[PDB]
Amino acid sequence: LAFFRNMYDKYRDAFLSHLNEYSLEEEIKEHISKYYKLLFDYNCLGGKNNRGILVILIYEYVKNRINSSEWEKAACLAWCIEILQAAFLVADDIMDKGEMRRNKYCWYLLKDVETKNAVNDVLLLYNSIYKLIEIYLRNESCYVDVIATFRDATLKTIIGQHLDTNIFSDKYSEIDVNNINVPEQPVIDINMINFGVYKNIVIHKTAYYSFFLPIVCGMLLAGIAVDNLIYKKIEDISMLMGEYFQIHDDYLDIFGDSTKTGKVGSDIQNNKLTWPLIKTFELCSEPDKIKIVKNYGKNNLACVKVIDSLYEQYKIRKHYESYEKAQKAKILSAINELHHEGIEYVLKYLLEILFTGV
Amino acid sequence: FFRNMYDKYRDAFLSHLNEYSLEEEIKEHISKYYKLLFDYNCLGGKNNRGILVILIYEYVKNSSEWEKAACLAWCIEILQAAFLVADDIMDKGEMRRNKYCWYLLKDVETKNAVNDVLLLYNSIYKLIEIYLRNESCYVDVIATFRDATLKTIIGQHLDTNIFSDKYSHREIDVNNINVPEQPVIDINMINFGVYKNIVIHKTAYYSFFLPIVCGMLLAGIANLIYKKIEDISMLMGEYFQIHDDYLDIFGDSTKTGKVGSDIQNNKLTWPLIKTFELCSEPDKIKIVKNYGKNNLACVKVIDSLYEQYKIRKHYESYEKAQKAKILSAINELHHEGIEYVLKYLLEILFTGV
Ligand SMILES: O=P(O)(O)C(O)(Cn1ccnc1)P(=O)(O)O
Ligand SMILES: O=P(O)(O)C(O)(Cn1ccnc1)P(=O)(O)O
Ligand SMILES: C=C(C)CCOP(=O)(O)OP(=O)(O)O
Ligand SMILES: C=C(C)CCOP(=O)(O)OP(=O)(O)O
Ligand SMILES: [Mg+2]
Ligand SMILES: [Mg+2]
Ligand SMILES: [Mg+2]
Ligand SMILES: [Mg+2]
Ligand SMILES: [Mg+2]
Ligand SMILES: [Mg+2]
């Protein structure tokens with residue numbers, strides 16, 4: 001764990017090093033190294049580090065101890081999930097018109113960067129992962145399985161980000177290849193406001209890259225055979241934990257303190273299908289439905305305020321806290337079926353520090 | 001038969017998505033969206049890169065072997081697609097292959113397009129796994145796509161930032177979200193050394209080195225010929241990009257499929273550098289004053305300078321001398337089969353087929 005924290009530089013600088021081998025003029029090489037050193041630092045640091053720490057812990061509690069060449073490979077994988085997070089979050093804030101990420105301006109918003117650099121930079125962060133895994137793990141037998149898990153995790157996430165972004169779109173509620181002029185007015189689709197659709201999305205956008213991937217990396221490296229039925233159990237727990245983590249997130253979009261969360265709430269105005277939106281539709285009077293249809297998805301104070309107060313009226317904070325309690329018990333029940341005492345402690349521990357880090 | 005086989009790889013990938021734990025109506029929605037993403041962006045081009053895989057493979061060496069080569073061939077066409085979607089966002093593109101750029105469609109927008117670039121990119125590796133996973137060259141193939149992709153990313157970064165304030169002692173300003181940069185050229189960067197740097201990275205690696213290498217690995221070449229091919233590919237990428245820069249100024253968008261944008265986007269182009277080489281100090285001053293401005297009278301001045309200094313002429317002469325340098329490099333390959341394909345690629349490069 002202190003190996004992880006202290007070895008950020010190592011992996012950052014191993015990748016910067018690879019590009020310094022490019023056939024470029026020395027001045028150009030210097031400019032690239034400055035730009036890219038910032039892109040990693042700005043975008044990979046400042047968070048809780050829960051995914052990376054998970055890789056480290058799973059790895060340790062699966063093995064009976066671990067040399068520093070072994071740690072160097074696990075912390076590699078751990079940082080690569082933290083680079084994956086970076087890439088995803090850079091793109092998310094473009095998609096969601098983010099203002100603040102980890103208490104600092106979103107990367108795409110910087111005048112030195114903009115959306116043109118940010119898009120190129122997502123691709124860079126994402127490909128650095130695979131270069132770093134080649135550097136530290138090409139000779140391991142889990143090597144192909146590790147790179148497969150990253151790419152399949154990433155594909156699931158890309159699908160869920162697509163659904164998060166289009167579930168209410170006109171495309172769905174034939175795509176028009178002739179319209180570049182007539183913008184679509186954000187409206188909610190009431191046929192999509194149920195927990196079934198919500199789960200399809202949050203499992204895909206959150207659960208795979210955030211829980212499944214880092215646990216599987218820890219296990220693949222520690223050497224659990226890919227045909228072991230523990231991986232399926234692990235997948236089922238990841239889905240429970242993923243939906244749990246994402247609901248807490250949706251909850252913070254309205255109830256959090258932007259100085260503590262490090263980001264600014266935007267789901268109402270960005271027309272998202274969130275747990276609060278679904279719970280309220282489940283509970284609210286028929287005229288309040290007409291009221292959510294009218295006011296949701298509008299970057300307008302009085303419109304957002306209507307929604308906030310319907311969430312105040314329908315006691316969404318209380319319904320959340322009773323979801324947290326019921327879902328946590330559900331996760332713990334599944335963890336207790338794992339028949340691996342090492343992984344169980346880790347996942348119990350994770351579940352405690354999930355919202356805070358540590 | 002290259003193009004016959006397109007649906008096979010697209011639908012193989014769409015089948016992969018269809019296995020996701022998603023409600024049936026949602027799977028239907030995603031099949032429609034993604035089929036269009038692939039059809040819209042993979043189809044319509046010269047397919048030079050895919051064809052080059054196929055041909056290199058044939059000339060280094062049954063229908064199951066062709067299933068693997070066409071797979072790689074279509075994966076480079078998918079990478080072309082990913083890079084172009086991203087490039088048209090970055091370059092404020094208007095048309096690509098005589099249709100509106102994907103990012104502009106009201107049903108897509110930049111928010112979708114950014115995600116879709118990653119979808120396209122990642123689709124490649126799933127396809128190579130489906131078709132080549134038990135090939136001994138599997139890991140070498142995925143490493144080649146990956147490294148050529150890193151190279152292209154760096155090159156696109158340089159193309160997009162070479163004249164920028166951050167490069168012109170001081171740091172990226174992490175507190176500036178409000179004061180937009182006023183684009184201006186950096187005269188210190190207007191040289192062919194810097195231009196070859198950008199151009200081998202953003203074009204030559206994925207456009208030449210990658211398709212040729214794909215066919216050579218699969219045909220089973222383990223070998224100092226790889227460095228000779230690298231060197232030719234760089235020669236070819238430069239030649240090809242200089243042609244592209246040429247078309248940006250002198251082309252017809254109904255024939256190029258795309259609307260020229262380099263002057264207003266502040267690109268370090270071959271016509272820029274060739275003009276800077278040959279012009280007077282007061283035209284240098286005109287260039288500084290007018291380049292990188294999305295303004296008619298400004299692009300007009302630059303365009304007028306390109307007429308005045310006979311850039312069309314200088315390009316025709318460049319094309320002649322550089323084709324000759326590529327053929328001289330090709331003749332040093334001492335591989336009859338690869339040599340034939342490259343000579344022929346060189347003949348069809350600007351037109352296709
Ligand atoms: O709410 P999102 O899904 O946009 C978010 O959680 C990011 N994200 C992206 C994928 N999964 C989660 P963030 O609120 O941090 O902006
Ligand atoms: O001039 P570009 O680099 O933008 C281009 O050639 C595309 N491209 C992208 C990378 N290398 C070349 P296009 O003129 O097609 O928009
Ligand atoms: C994936 C979700 C739900 C939000 C971002 O995740 P984290 O809260 O784990 O982000 P950092 O700790 O990395 O800032
Ligand atoms: C790498 C360059 C110069 C961009 C255009 O590529 P092509 O001219 O190969 O484009 P398509 O045939 O794929 O349309
Ligand atoms: Mg977001
Ligand atoms: Mg989002
Ligand atoms: Mg959120
Ligand atoms: Mg470009
Ligand atoms: Mg372009
Ligand atoms: Mg061009």
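Order of the sequence lines fixes the chain letters, A, B, ..., with proteins taken first and strands second; residue numbering starts at 1 for each chain. Both counts, for ligands and for their atoms, begin at 1 and track the order of listing. Values below: every heavy atom of this structure, side chains too, minus hydrogens, waters and symmetry copies.
Not one N or O of B:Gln156 is nearer than 3.5 Å to an N or O of ligand 2, by distance alone. Checked by distance only, ligand 2 and B:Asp88 stay at 3.5 Å or farther apart across all their nitrogen or oxygen atoms.
Residue-ligand proximity: B:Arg96 is placed with a non-hydrogen atom under 4.0 Å from ligand 2.
Judged by distance alone, the side chain of B:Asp245 and the main-chain N or O of B:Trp270 form a donor-acceptor pair under 3.5 Å.
Heavy atoms from other residues, nucleotides or ligands lying under 6.0 Å from NZ of B:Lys293 number more than 12.
In this structure, B:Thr275 has no side chain to side chain donor-acceptor pair (under 3.5 Å) partners at least two apart in sequence or on a different chain. Residues meeting the side chain to side chain donor-acceptor pair (under 3.5 Å) test with B:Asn122, sequence neighbours left out: A:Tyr126.
Annotation: atom 10 (C) of ligand 2 to nearest protein heavy atom, B:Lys202 O, 3.1 Å. The closest protein non-hydrogen atom to atom 6 (O) of ligand 2 is B:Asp244 OD2, 2.9 Å. The protein heavy-atom contact nearest to atom 4 (O) of ligand 2 is B:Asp91 OD2, 2.7 Å. The single protein non-hydrogen atom nearest to atom 8 (N) of ligand 2 is B:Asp87 OD1, 4.2 Å, given as residue, atom name and distance.
Listed by number with element, the atoms of ligand 2 under 4.0 Å from a non-hydrogen atom of B:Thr203 are 11 (N), 12 (C). Remark: ligand 2 atoms within the under-4.0 Å shell around heavy atoms of B:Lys258 are 13 (P), 14 (O), 15 (O).
Shown are the protein N/O/S atoms under 2.8 Å from the Mg ion (ligand 8), given by residue and atom: B:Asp87 OD1, B:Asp91 OD2.
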inquiry  = Walk me through whether B:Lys323 and B:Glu347 qualify under salt bridge (charged side-chain N to carboxylate O under 4.0 Å, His left out).
reply    = CA-CA 9 Å; B:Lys323 177 165 175 182; B:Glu347 289 304 301; 2.7 Å; yes
request  = Begin from the C-alpha positions of B:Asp91 and B:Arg96 and carry the test salt bridge (charged side-chain N to carboxylate O under 4.0 Å, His left out) through to its verdict.
outcome  = CA-CA 12 Å; B:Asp91 289 1; B:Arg96 181 56 77 175; 5.9 Å; no
Listed pairs under 3.5 Å, donor-acceptor, residues 116-125 of chain A side chains, sequence neighbours left out:
residue, atom, partner, partner atom, Å
A:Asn117, OD1, B:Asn161, ND2, 2.7
A:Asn117, ND2, A:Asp112, O, 3.4
A:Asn117, ND2, A:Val113, O, 2.6
A:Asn117, ND2, B:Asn161, OD1, 3.1
A:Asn120, ND2, B:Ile153, O, 3.1
A:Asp121, OD2, A:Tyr35, OH, 2.6
A:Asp121, OD2, A:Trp107, NE1, 2.9

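Note: B:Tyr239 and B:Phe208 fail the aromatic proximity criterion, with ring centroids not under 6.0 Å apart.
Between A:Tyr323 and A:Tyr320, the ring-plane angle classifies as tilted under the 30° and 60° cut-offs.
Within the 4.0 Å heavy-atom criterion, neither part of B:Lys267 lies near ligand 2.
In summary, B:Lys267 and B:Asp248 do not engage in a salt bridge, as defined by a charged side-chain N under 4.0 Å from a carboxylate O.
Because its NZ or CZ atom is both nearer than 6.0 Å to the ring centre of A:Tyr22 and within 45° of the ring axis, B:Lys151 counts as a cation-pi partner of that residue.
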